[PDB]
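*Asks:* Quick one, work32.txt (compact mmCIF, N, CA and C atoms):
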# COMPACT_ATOMS: atom_id res chain seq x y z
N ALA A 1 213.30 -167.87 -9.77
CA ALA A 1 212.65 -167.97 -8.47
C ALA A 1 211.43 -167.05 -8.39
N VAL A 2 210.47 -167.44 -7.56
CA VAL A 2 209.34 -166.60 -7.23
C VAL A 2 209.51 -166.17 -5.78
N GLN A 3 209.36 -164.88 -5.49
CA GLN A 3 209.37 -164.41 -4.11
C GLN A 3 207.96 -164.02 -3.70
N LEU A 4 207.68 -164.19 -2.41
CA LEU A 4 206.34 -164.03 -1.84
C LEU A 4 206.40 -163.32 -0.50
N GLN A 5 205.46 -162.41 -0.24
CA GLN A 5 205.43 -161.74 1.05
C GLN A 5 204.01 -161.57 1.54
N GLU A 6 203.74 -162.12 2.72
CA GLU A 6 202.44 -162.03 3.36
C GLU A 6 202.20 -160.67 3.97
N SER A 7 200.95 -160.24 3.96
CA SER A 7 200.51 -159.12 4.79
C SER A 7 199.14 -159.45 5.35
N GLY A 8 198.68 -158.64 6.30
CA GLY A 8 197.52 -159.03 7.07
C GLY A 8 197.95 -159.94 8.20
N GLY A 9 197.01 -160.29 9.07
CA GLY A 9 197.31 -161.09 10.23
C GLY A 9 196.87 -160.36 11.47
N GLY A 10 197.15 -160.95 12.62
CA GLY A 10 196.82 -160.30 13.87
C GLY A 10 195.89 -161.15 14.71
N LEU A 11 195.25 -160.51 15.68
CA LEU A 11 194.40 -161.19 16.64
C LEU A 11 192.94 -160.93 16.31
N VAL A 12 192.13 -161.98 16.36
CA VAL A 12 190.71 -161.91 16.04
C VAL A 12 189.91 -162.75 17.02
N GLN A 13 188.73 -162.28 17.42
CA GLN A 13 187.89 -163.07 18.30
C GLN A 13 187.28 -164.22 17.50
N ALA A 14 187.12 -165.37 18.15
CA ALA A 14 186.47 -166.52 17.53
C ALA A 14 185.15 -166.11 16.92
N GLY A 15 184.87 -166.63 15.73
CA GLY A 15 183.71 -166.22 14.96
C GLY A 15 183.99 -165.09 14.00
N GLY A 16 185.11 -164.40 14.20
CA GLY A 16 185.45 -163.24 13.39
C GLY A 16 186.13 -163.56 12.07
N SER A 17 186.51 -162.51 11.35
CA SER A 17 187.12 -162.65 10.04
C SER A 17 188.48 -161.95 10.00
N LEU A 18 189.26 -162.29 8.99
CA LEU A 18 190.53 -161.63 8.73
C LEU A 18 190.91 -161.99 7.31
N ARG A 19 191.46 -161.03 6.57
CA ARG A 19 192.00 -161.34 5.25
C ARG A 19 193.52 -161.31 5.30
N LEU A 20 194.12 -162.30 4.67
CA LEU A 20 195.55 -162.30 4.42
C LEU A 20 195.79 -162.01 2.95
N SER A 21 196.87 -161.28 2.66
CA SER A 21 197.29 -161.03 1.29
C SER A 21 198.68 -161.58 1.10
N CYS A 22 198.99 -161.95 -0.13
CA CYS A 22 200.32 -162.38 -0.47
C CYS A 22 200.69 -161.66 -1.75
N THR A 23 201.78 -160.89 -1.68
CA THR A 23 202.29 -160.18 -2.84
C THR A 23 203.32 -161.07 -3.52
N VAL A 24 203.24 -161.12 -4.85
CA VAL A 24 204.01 -162.05 -5.65
C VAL A 24 204.98 -161.30 -6.56
N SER A 25 206.19 -161.83 -6.73
CA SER A 25 207.14 -161.15 -7.61
C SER A 25 206.54 -160.92 -8.98
N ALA A 26 206.67 -159.68 -9.44
CA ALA A 26 205.93 -159.14 -10.57
C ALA A 26 206.03 -159.93 -11.86
N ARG A 27 207.16 -160.56 -12.10
CA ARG A 27 207.31 -161.22 -13.39
C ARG A 27 207.12 -162.73 -13.31
N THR A 28 206.41 -163.16 -12.27
CA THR A 28 206.01 -164.56 -12.12
C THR A 28 205.11 -164.97 -13.27
N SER A 29 205.42 -166.10 -13.91
CA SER A 29 204.64 -166.62 -15.02
C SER A 29 203.32 -167.24 -14.57
N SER A 30 202.45 -167.54 -15.53
CA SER A 30 201.16 -168.17 -15.23
C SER A 30 201.28 -169.64 -14.83
N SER A 31 202.44 -170.25 -15.06
CA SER A 31 202.63 -171.69 -14.84
C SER A 31 202.88 -172.04 -13.37
N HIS A 32 201.99 -171.61 -12.49
CA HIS A 32 202.17 -171.81 -11.05
C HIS A 32 200.87 -172.14 -10.35
N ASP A 33 200.99 -172.79 -9.20
CA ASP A 33 199.90 -172.84 -8.22
C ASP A 33 200.34 -171.96 -7.06
N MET A 34 199.40 -171.22 -6.50
CA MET A 34 199.62 -170.46 -5.29
C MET A 34 198.91 -171.18 -4.16
N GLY A 35 199.49 -171.14 -2.97
CA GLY A 35 198.87 -171.80 -1.85
C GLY A 35 199.08 -171.10 -0.53
N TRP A 36 198.28 -171.51 0.45
CA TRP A 36 198.48 -171.12 1.84
C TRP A 36 198.69 -172.38 2.65
N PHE A 37 199.68 -172.32 3.54
CA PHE A 37 199.98 -173.37 4.50
C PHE A 37 200.00 -172.73 5.88
N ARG A 38 199.95 -173.54 6.92
CA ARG A 38 200.03 -172.99 8.27
C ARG A 38 200.76 -173.94 9.20
N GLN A 39 201.36 -173.37 10.24
CA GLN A 39 202.05 -174.16 11.24
C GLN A 39 201.82 -173.55 12.62
N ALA A 40 201.24 -174.33 13.52
CA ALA A 40 201.17 -173.92 14.92
C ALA A 40 202.40 -174.48 15.64
N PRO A 41 202.93 -173.77 16.66
CA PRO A 41 204.07 -174.30 17.43
C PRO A 41 203.80 -175.69 18.00
N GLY A 42 204.77 -176.58 17.81
CA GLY A 42 204.62 -177.95 18.26
C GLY A 42 204.08 -178.88 17.18
N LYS A 43 203.48 -178.32 16.14
CA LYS A 43 202.85 -179.13 15.10
C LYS A 43 203.55 -178.99 13.76
N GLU A 44 203.30 -179.95 12.88
CA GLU A 44 203.86 -179.92 11.54
C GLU A 44 203.09 -178.92 10.68
N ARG A 45 203.76 -178.39 9.68
CA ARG A 45 203.09 -177.54 8.71
C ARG A 45 201.96 -178.32 8.03
N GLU A 46 200.87 -177.64 7.72
CA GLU A 46 199.76 -178.29 7.03
C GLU A 46 199.21 -177.42 5.92
N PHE A 47 198.84 -178.07 4.82
CA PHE A 47 198.17 -177.40 3.73
C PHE A 47 196.86 -176.75 4.19
N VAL A 48 196.58 -175.56 3.67
CA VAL A 48 195.30 -174.91 3.93
C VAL A 48 194.45 -174.75 2.66
N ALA A 49 195.01 -174.13 1.62
CA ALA A 49 194.26 -173.87 0.40
C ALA A 49 195.18 -173.58 -0.76
N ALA A 50 194.70 -173.81 -1.97
CA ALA A 50 195.49 -173.50 -3.15
C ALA A 50 194.61 -173.07 -4.31
N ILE A 51 195.21 -172.34 -5.23
CA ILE A 51 194.53 -171.85 -6.42
C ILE A 51 195.50 -171.93 -7.59
N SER A 52 195.02 -172.41 -8.73
CA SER A 52 195.83 -172.37 -9.94
C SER A 52 195.97 -170.92 -10.39
N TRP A 53 197.20 -170.48 -10.60
CA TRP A 53 197.48 -169.09 -10.96
C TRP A 53 196.99 -168.81 -12.37
N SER A 54 196.90 -169.85 -13.20
CA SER A 54 196.43 -169.67 -14.58
C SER A 54 194.91 -169.85 -14.73
N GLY A 55 194.36 -170.91 -14.14
CA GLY A 55 192.98 -171.29 -14.39
C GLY A 55 191.98 -171.04 -13.27
N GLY A 56 192.49 -170.75 -12.08
CA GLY A 56 191.62 -170.39 -10.97
C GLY A 56 190.94 -171.51 -10.21
N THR A 57 191.22 -172.76 -10.56
CA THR A 57 190.68 -173.89 -9.81
C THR A 57 191.22 -173.87 -8.38
N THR A 58 190.35 -174.13 -7.42
CA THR A 58 190.75 -174.12 -6.01
C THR A 58 190.65 -175.48 -5.32
N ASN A 59 191.38 -175.61 -4.21
CA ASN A 59 191.32 -176.79 -3.37
C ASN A 59 191.54 -176.37 -1.92
N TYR A 60 190.86 -177.03 -0.99
CA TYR A 60 190.94 -176.69 0.43
C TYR A 60 191.15 -177.91 1.29
N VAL A 61 191.85 -177.72 2.40
CA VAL A 61 191.88 -178.74 3.44
C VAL A 61 190.48 -178.84 4.04
N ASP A 62 190.06 -180.05 4.40
CA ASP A 62 188.67 -180.26 4.82
C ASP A 62 188.24 -179.32 5.95
N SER A 63 189.15 -179.09 6.89
CA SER A 63 188.80 -178.36 8.11
C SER A 63 188.53 -176.87 7.91
N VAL A 64 188.82 -176.35 6.72
CA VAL A 64 188.52 -174.93 6.46
C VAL A 64 187.48 -174.73 5.37
N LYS A 65 187.05 -175.81 4.73
CA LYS A 65 186.02 -175.72 3.71
C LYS A 65 184.77 -175.03 4.28
N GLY A 66 184.25 -174.05 3.56
CA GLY A 66 183.07 -173.33 3.99
C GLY A 66 183.37 -172.16 4.92
N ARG A 67 184.63 -172.03 5.32
CA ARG A 67 185.04 -170.95 6.23
C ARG A 67 186.06 -170.03 5.58
N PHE A 68 187.04 -170.61 4.90
CA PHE A 68 188.08 -169.82 4.23
C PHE A 68 187.84 -169.84 2.72
N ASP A 69 188.26 -168.78 2.05
CA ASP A 69 188.15 -168.70 0.60
C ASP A 69 189.43 -168.11 0.03
N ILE A 70 190.06 -168.85 -0.89
CA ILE A 70 191.27 -168.40 -1.55
C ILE A 70 190.90 -167.76 -2.89
N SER A 71 191.53 -166.64 -3.20
CA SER A 71 191.30 -165.96 -4.47
C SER A 71 192.61 -165.35 -4.94
N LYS A 72 192.61 -164.84 -6.16
CA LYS A 72 193.82 -164.26 -6.72
C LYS A 72 193.47 -163.05 -7.56
N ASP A 73 194.47 -162.21 -7.79
CA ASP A 73 194.34 -161.10 -8.72
C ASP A 73 195.65 -161.05 -9.50
N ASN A 74 195.68 -161.71 -10.65
CA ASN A 74 196.90 -161.76 -11.44
C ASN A 74 197.35 -160.37 -11.88
N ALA A 75 196.38 -159.49 -12.17
CA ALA A 75 196.71 -158.15 -12.64
C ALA A 75 197.52 -157.37 -11.60
N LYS A 76 197.31 -157.67 -10.33
CA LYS A 76 198.02 -156.99 -9.25
C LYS A 76 199.10 -157.86 -8.60
N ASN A 77 199.32 -159.06 -9.14
CA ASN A 77 200.25 -160.03 -8.55
C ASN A 77 199.97 -160.29 -7.07
N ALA A 78 198.72 -160.63 -6.77
CA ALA A 78 198.27 -160.82 -5.40
C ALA A 78 197.49 -162.13 -5.25
N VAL A 79 197.67 -162.78 -4.11
CA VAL A 79 196.85 -163.92 -3.70
C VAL A 79 196.21 -163.52 -2.37
N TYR A 80 195.01 -164.03 -2.10
CA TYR A 80 194.32 -163.69 -0.86
C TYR A 80 193.78 -164.92 -0.16
N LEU A 81 193.75 -164.88 1.17
CA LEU A 81 193.02 -165.87 1.94
C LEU A 81 192.03 -165.11 2.81
N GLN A 82 190.75 -165.21 2.49
CA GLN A 82 189.69 -164.63 3.32
C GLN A 82 189.31 -165.67 4.35
N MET A 83 189.56 -165.34 5.61
CA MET A 83 189.30 -166.26 6.69
C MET A 83 188.05 -165.77 7.42
N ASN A 84 186.97 -166.52 7.29
CA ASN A 84 185.74 -166.22 8.02
C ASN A 84 185.48 -167.30 9.06
N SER A 85 184.58 -167.02 10.00
CA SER A 85 184.20 -168.01 11.00
C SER A 85 185.44 -168.60 11.67
N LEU A 86 186.35 -167.72 12.10
CA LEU A 86 187.61 -168.18 12.67
C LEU A 86 187.45 -168.94 13.98
N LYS A 87 188.17 -170.05 14.10
CA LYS A 87 188.08 -170.89 15.29
C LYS A 87 189.43 -171.04 15.99
N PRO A 88 189.42 -171.24 17.32
CA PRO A 88 190.67 -171.36 18.06
C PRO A 88 191.68 -172.29 17.37
N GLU A 89 191.19 -173.36 16.75
CA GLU A 89 192.02 -174.32 15.99
C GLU A 89 192.82 -173.67 14.86
N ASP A 90 192.41 -172.48 14.44
CA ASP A 90 193.04 -171.81 13.30
C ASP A 90 194.28 -171.00 13.67
N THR A 91 194.55 -170.87 14.97
CA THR A 91 195.73 -170.12 15.38
C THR A 91 197.00 -170.77 14.84
N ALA A 92 197.83 -169.98 14.14
CA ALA A 92 199.03 -170.50 13.51
C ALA A 92 199.78 -169.39 12.80
N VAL A 93 201.01 -169.69 12.39
CA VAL A 93 201.68 -168.86 11.41
C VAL A 93 201.25 -169.35 10.03
N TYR A 94 200.75 -168.42 9.23
CA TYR A 94 200.27 -168.72 7.87
C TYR A 94 201.30 -168.30 6.85
N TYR A 95 201.62 -169.23 5.94
CA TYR A 95 202.60 -168.98 4.89
C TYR A 95 201.97 -169.03 3.52
N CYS A 96 202.29 -168.03 2.73
CA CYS A 96 202.02 -168.05 1.31
C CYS A 96 203.08 -168.93 0.65
N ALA A 97 202.72 -169.60 -0.44
CA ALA A 97 203.67 -170.45 -1.13
C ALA A 97 203.30 -170.56 -2.60
N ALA A 98 204.27 -170.95 -3.41
CA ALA A 98 204.00 -171.15 -4.82
C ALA A 98 204.76 -172.35 -5.33
N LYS A 99 204.22 -172.96 -6.36
CA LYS A 99 204.80 -174.16 -6.95
C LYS A 99 204.74 -174.02 -8.46
N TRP A 100 205.87 -174.27 -9.12
CA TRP A 100 205.87 -174.27 -10.58
C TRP A 100 205.16 -175.53 -11.08
N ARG A 101 204.32 -175.38 -12.11
CA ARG A 101 203.56 -176.50 -12.67
C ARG A 101 203.67 -176.41 -14.17
N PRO A 102 203.96 -177.53 -14.85
CA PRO A 102 203.98 -177.51 -16.31
C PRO A 102 202.57 -177.41 -16.87
N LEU A 103 202.40 -177.05 -18.14
CA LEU A 103 201.12 -177.06 -18.78
C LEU A 103 200.53 -178.47 -18.91
N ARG A 104 199.20 -178.60 -18.80
CA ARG A 104 198.51 -179.86 -18.60
C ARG A 104 197.09 -179.55 -18.78
N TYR A 105 196.40 -180.69 -18.69
CA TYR A 105 194.96 -180.66 -18.92
C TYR A 105 194.23 -180.31 -17.63
N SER A 106 194.57 -181.02 -16.56
CA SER A 106 193.92 -180.78 -15.27
C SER A 106 194.46 -179.52 -14.59
N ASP A 107 193.54 -178.63 -14.21
CA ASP A 107 193.91 -177.37 -13.59
C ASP A 107 193.95 -177.45 -12.07
N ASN A 108 193.59 -178.60 -11.50
CA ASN A 108 193.50 -178.73 -10.05
C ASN A 108 194.86 -178.55 -9.37
N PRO A 109 194.98 -177.53 -8.52
CA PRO A 109 196.27 -177.16 -7.92
C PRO A 109 196.79 -178.19 -6.94
N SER A 110 198.11 -178.22 -6.79
CA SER A 110 198.76 -179.14 -5.87
C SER A 110 198.55 -178.74 -4.41
N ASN A 111 198.65 -179.72 -3.52
CA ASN A 111 198.58 -179.47 -2.09
C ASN A 111 199.89 -179.83 -1.38
N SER A 112 200.93 -180.10 -2.15
CA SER A 112 202.19 -180.53 -1.55
C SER A 112 203.39 -180.21 -2.43
N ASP A 113 204.57 -180.28 -1.82
CA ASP A 113 205.84 -180.10 -2.52
C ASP A 113 205.97 -178.75 -3.20
N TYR A 114 205.55 -177.70 -2.50
CA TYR A 114 205.70 -176.35 -3.02
C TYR A 114 207.16 -175.91 -3.03
N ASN A 115 207.49 -174.98 -3.92
CA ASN A 115 208.88 -174.56 -4.14
C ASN A 115 209.27 -173.28 -3.40
N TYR A 116 208.35 -172.31 -3.38
CA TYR A 116 208.68 -170.96 -2.97
C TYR A 116 207.80 -170.57 -1.79
N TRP A 117 208.36 -169.85 -0.83
CA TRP A 117 207.71 -169.62 0.46
C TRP A 117 207.86 -168.19 0.92
N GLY A 118 206.79 -167.65 1.49
CA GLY A 118 206.87 -166.40 2.23
C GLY A 118 207.49 -166.59 3.58
N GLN A 119 207.45 -165.52 4.36
CA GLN A 119 208.10 -165.43 5.66
C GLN A 119 207.13 -165.69 6.80
N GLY A 120 205.85 -165.87 6.46
CA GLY A 120 204.82 -166.19 7.43
C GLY A 120 204.21 -164.98 8.12
N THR A 121 202.94 -165.12 8.49
CA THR A 121 202.27 -164.12 9.33
C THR A 121 201.43 -164.80 10.40
N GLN A 122 201.53 -164.31 11.64
CA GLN A 122 200.78 -164.90 12.74
C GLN A 122 199.32 -164.49 12.73
N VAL A 123 198.43 -165.48 12.82
CA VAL A 123 197.01 -165.27 13.04
C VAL A 123 196.65 -165.96 14.35
N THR A 124 196.05 -165.20 15.25
CA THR A 124 195.69 -165.73 16.56
C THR A 124 194.21 -165.51 16.79
N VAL A 125 193.52 -166.58 17.16
CA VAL A 125 192.08 -166.52 17.38
C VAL A 125 191.82 -166.70 18.87
N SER A 126 191.17 -165.73 19.48
CA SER A 126 190.97 -165.79 20.93
C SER A 126 189.55 -166.24 21.28
N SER A 127 189.42 -166.88 22.44
CA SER A 127 188.13 -167.37 22.94
C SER A 127 187.36 -168.15 21.89
Mind converting the file's structure to structure tokens?
*Replies:*
Amino acid sequence: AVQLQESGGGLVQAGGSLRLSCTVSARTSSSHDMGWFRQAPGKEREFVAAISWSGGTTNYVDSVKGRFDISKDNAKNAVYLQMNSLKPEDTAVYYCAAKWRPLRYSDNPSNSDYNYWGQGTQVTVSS
């Protein structure tokens, strides 16, 4: 199993920024995709962004392209979501997640059917 724990979060004025971090169990192998998902109360969970833990290829949900940036630091077992240009629509509980992936040619990370989940962190965007 891979364990994950979010840090960062809180309240930010619209237009502002916030970074989320996700700490990853230290002996996690390279054969994974890391991702961020979010869920607002009343709504279904939705994919936000993902990064291949081995190759660094990224993918984003359309509504955050150009605003959020996902990155990783394998040496520190960390994943990050830099949230810029925050909009009221972005208010949600954000979850770190990981998915085991076999070796392959295409490095493009998955956006669904993740295996391992953090406990979530609330991000609230005001005005």
*Asks:* Check the smallest atom-to-atom distance from each of A:46, A:69, A:90, A:107 to residue 127 in chain A using only C-alpha atoms, then report the winner.
*Replies:* A:90
*Asks:* At what distance in Å, to one decimal, does CA of residue 40 in chain A lie from atom C of residue 85 in chain A?
*Replies:*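 It comes out at 16.9 Å.
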*Asks:* Kindly provide, as a PyMOL selection string, the polymer residues lying within 6 Å of (188.3, -166.1, 17.1), counting only C-alpha atoms and using the coordinates exactly as they appear in the file.
*Replies:* chain A and resi 12-16+86-88+125-127
*Asks:* Hey, what's within 7 Å of range 17-27 of chain A if we count all atoms listed in the file and toss same-chain stuff fewer than 3 positions away? As a VMD selection string, please?
*Replies:* chain A and resid 2 to 9 12 to 14 76 to 86 96
*Asks:* Rank nothing, just name the residue among A:123, A:60, A:51, A:75 nearest to residue 89 in chain A, using only C-alpha atoms.
*Replies:*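 Selected residue with least distance to residue 89 in chain A: A:123.
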*Asks:* Return as lines of an AutoDock Vina configuration file the centre and edge lengths, in Å with one decimal, of the box along x, y and z that encloses every atom of range 43-56 of chain A in the file, padded by 5 Å per side.
*Replies:*
center_x = 197.4
center_y = -174.4
center_z = 0.7
size_x = 22.9
size_y = 21.1
size_z = 40.9
*Asks:* Select, from A:52, A:71, A:115, A:57, the residue with the minimum atom-to-atom distance to residue 31 in chain A, counting only C-alpha atoms.
*Replies:*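 Closest candidate: A:52.
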*Asks:* Can you work out the spacing between atom N of residue 10 in chain A and atom C of residue 120 in chain A in Å, to one decimal?
*Replies:*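 It comes out at 9.3 Å.
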*Asks:* Would you list the contacts of range 48-50 of chain A as a ChimeraX atom specification, taking every protein, DNA or RNA residue within 6.5 Å and counting only N, CA and C atoms, but skipping same-chain residues closer than 5 positions in sequence?
*Replies:* /A:33-38,57-61,70,109-110
*Asks:* Find the residue from A:56, A:45, A:121, A:1 that sits nearest to residue 108 in chain A; use only N, CA and C atoms when measuring.
*Replies:*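 Closest residue, counting only N, CA and C atoms: A:56.
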*Asks:* Suppose you want the space between CA of residue 94 in chain A and CA of residue 122 in chain A; what is it in Å?
*Replies:*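 If I compute the distance from CA of residue 94 in chain A to CA of residue 122 in chain A, I get 6.2 Å.
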*Asks:* Calculated over all atoms listed in the file, which of the candidates A:30, A:66, A:114, A:72 has the smallest distance to residue 54 in chain A?
*Replies:*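 Of the candidates, the smallest distance to residue 54 in chain A is held by A:30.
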*Asks:* Extract the full set of strand (DSSP E) residues from chain A according to DSSP on the backbone, and format it as a PyMOL selection string.
*Replies:* chain A and resi 4-7+10-13+18-24+32-39+46-52+58-60+68-73+78-83+92-100+116-117+121-126
*Asks:* Among the residues of chain A, find those DSSP assigns to helix (DSSP H, G or I) from the backbone and print them as a list in words.
*Replies:*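 These are the residues in question: residues 62, 63, 64, 74, 75, 76, 88, 89 and 90 of chain A.
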*Asks:* Show me the residues around (206.8, -172.0, -3.0) - criterion: an atom at most 5 Å away, all atoms listed in the file counted - as number ranges by chain.
*Replies:* A: 97-99, 114-117
*Asks:* Generate N, CA, C and O atoms for range 4-15 of chain A and emit them as a CSV table (one decimal), in the frame of the given file.
*Replies:*
chain,number,residue,atom,x,y,z
A,4,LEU,N,207.7,-164.2,-2.4
A,4,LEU,CA,206.3,-164.0,-1.8
A,4,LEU,C,206.4,-163.3,-0.5
A,4,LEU,O,207.3,-163.6,0.3
A,5,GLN,N,205.5,-162.4,-0.2
A,5,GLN,CA,205.4,-161.7,1.0
A,5,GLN,C,204.0,-161.6,1.5
A,5,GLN,O,203.2,-161.0,0.9
A,6,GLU,N,203.7,-162.1,2.7
A,6,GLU,CA,202.4,-162.0,3.4
A,6,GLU,C,202.2,-160.7,4.0
A,6,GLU,O,203.1,-160.0,4.5
A,7,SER,N,201.0,-160.2,4.0
A,7,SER,CA,200.5,-159.1,4.8
A,7,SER,C,199.1,-159.4,5.4
A,7,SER,O,198.5,-160.4,5.0
A,8,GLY,N,198.7,-158.6,6.3
A,8,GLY,CA,197.5,-159.0,7.1
A,8,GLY,C,198.0,-159.9,8.2
A,8,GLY,O,199.1,-160.3,8.3
A,9,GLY,N,197.0,-160.3,9.1
A,9,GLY,CA,197.3,-161.1,10.2
A,9,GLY,C,196.9,-160.4,11.5
A,9,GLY,O,196.3,-159.3,11.4
A,10,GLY,N,197.2,-161.0,12.6
A,10,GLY,CA,196.8,-160.3,13.9
A,10,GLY,C,195.9,-161.2,14.7
A,10,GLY,O,195.8,-162.4,14.5
A,11,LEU,N,195.2,-160.5,15.7
A,11,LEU,CA,194.4,-161.2,16.6
A,11,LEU,C,192.9,-160.9,16.3
A,11,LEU,O,192.6,-159.8,16.0
A,12,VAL,N,192.1,-162.0,16.4
A,12,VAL,CA,190.7,-161.9,16.0
A,12,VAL,C,189.9,-162.8,17.0
A,12,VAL,O,190.4,-163.8,17.4
A,13,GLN,N,188.7,-162.3,17.4
A,13,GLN,CA,187.9,-163.1,18.3
A,13,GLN,C,187.3,-164.2,17.5
A,13,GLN,O,187.0,-164.1,16.3
A,14,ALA,N,187.1,-165.4,18.2
A,14,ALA,CA,186.5,-166.5,17.5
A,14,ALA,C,185.2,-166.1,16.9
A,14,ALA,O,184.4,-165.3,17.5
A,15,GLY,N,184.9,-166.6,15.7
A,15,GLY,CA,183.7,-166.2,15.0
A,15,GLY,C,184.0,-165.1,14.0
A,15,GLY,O,183.2,-164.8,13.1
